[PDB]
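All remarks here apply to the structure that follows.
For neighbour counting, all protein chains shown are included, and Cβ atoms are generated from backbone atoms with ideal geometry for every residue, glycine included. Just so you know, all these numbers are worked out from the coordinates, no wet-lab data involved.
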Amino acid sequence: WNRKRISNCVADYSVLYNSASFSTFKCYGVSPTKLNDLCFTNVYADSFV
Amino acid sequence: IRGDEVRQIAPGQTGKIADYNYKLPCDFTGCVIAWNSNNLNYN
């Protein structure tokens, strides 16, 4: 699985959530609506199929 | 509603239907009944 690190930027998570292309958007430990109010020390985006 | 949104009609669910259309409370005492009505469309 390809791990891509995201750090030191401004993330807009609402555009991903409101997009209808995604079948399932399951958030554990956070709620997707609140995602824009939060500040994270690090983000890891692991991609695969 | 749509078939895939039938899970959104439940307490403590997140989605377009839950937040913008029909919000059930966390302490929802009740029942939810859904049947596929593919007989009765831009209305």
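Determine, yes or no, whether B:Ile17 is in contact with an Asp or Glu (Cβ under 6 Å, 6 or more places away or on another chain) and within 26 Å of A:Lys34 (Cα to Cα). When the stated conditions are applied, B:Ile17 passes them. When B:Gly12 is tested against the conditions (1) surrounded by 12 or more Cβ atoms within 10 Å (Cβ to Cβ); (2) on the phi > 0 side of the Ramachandran plot, the lone failure is (1).
A:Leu35 meets each of the listed conditions (1) surrounded by 11 or more Cβ atoms within 10 Å (Cβ to Cβ); (2) at positive phi; (3) of a type outside the set (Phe, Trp, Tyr) apart from (2).
Away from chain A (no Cβ under 12 Å), closer than 26 Å to A:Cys27 by Cα, in contact with a helix residue (DSSP H, G or I) (Cβ under 7 Å, 6 or more places away or on another chain) and not aromatic (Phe, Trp, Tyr) - does that describe any residue in the range B:34-42? Yes; the residues of the range B:34-42 include at least one that is away from chain A (no Cβ under 12 Å), closer than 26 Å to A:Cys27 by Cα, in contact with a helix residue (DSSP H, G or I) (Cβ under 7 Å, 6 or more places away or on another chain) and not aromatic (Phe, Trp, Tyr). The residue of the range A:6-30 that is nearest to the chain's Cα centre (by Cα), among those that are surrounded by 11 or more Cβ atoms within 10 Å (Cβ to Cβ) and part of a loop (DSSP other than H, G, I, E, B), is A:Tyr13.
Comparison of B:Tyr22, B:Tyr42 shows that the only residue that is aromatic (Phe, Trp, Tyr) and closer than 26 Å to A:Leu16 by Cβ is B:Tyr22.
For the range A:39-49, enumerate the residues that are in a loop (DSSP other than H, G, I, E, B) and exposed (fewer than 10 other Cβ atoms within 10 Å of the Cβ). Listed by number, the residues that qualify are A:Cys39, A:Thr41, A:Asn42, A:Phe48, A:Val49. Within the option set B:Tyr42, B:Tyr20, being outside any loop (DSSP other than H, G, I, E, B) and loosely packed, with under 11 Cβ neighbours inside 10 Å holds for one residue only, B:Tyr20. Would it be correct to say that B:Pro25 is more than 12 Å from chain A (Cβ to nearest Cβ), in contact with a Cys (Cβ under 7 Å, 6 or more places away or on another chain) and of a type outside the set (A, V, I, L, M)? Here the answer is no, as B:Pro25 does not meet what is asked.
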